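Next up: just one chain, as structure tokens, the form deposited in one PDB entry.
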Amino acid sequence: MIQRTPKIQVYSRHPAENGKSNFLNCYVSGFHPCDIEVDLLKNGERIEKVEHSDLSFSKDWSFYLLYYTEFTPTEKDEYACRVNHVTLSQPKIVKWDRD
């Protein structure tokens, strides 16, 4: 019933190797309420065709959600996850750290 911020984790399925296909993930967890906005960013631009899990919840009413997309890294491409939620004073951008 009380608001709780999301934990935000941005990570790839494998370590970044340029020119090899991979999956980019944004896992948002432990939040309340369920209303949340999650985008994956490529060089600061929203990625349009992104996949997501369902929104799961535990008996303490905390929520869990994953956004992800197949992608091929190149050295100069930068990726991030942008989250907005009522508990956040500003939308949060968390960068993908390749290593």
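Note that residue numbering follows the sequence shown and begins at 1.
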{"item": "Entry-level comparison of average CA B-factors, 81-89 and 11-19, reporting the higher stretch", "value": "11-19"}
{"item": "Per the entry, higher mean C-alpha B factor between 68-76 and 26-34", "value": "68-76"}
{"item": "Cα B factor band for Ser56 (lowest, middle or highest third within the chain)", "value": "middle"}
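Separately, the form solved in complex with a small molecule exists; it is not shown, and the next lines address it.
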| item | value |
| --- | --- |
| In the deposited bound form, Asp54 touching the small molecule (heavy atom, 4.5 Å) | yes |
| Proximity of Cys81 to the small molecule in the deposited bound form, heavy atoms at 4.5 Å | no |
| In the deposited bound form, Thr72 touching the small molecule (heavy atom, 4.5 Å) | no |
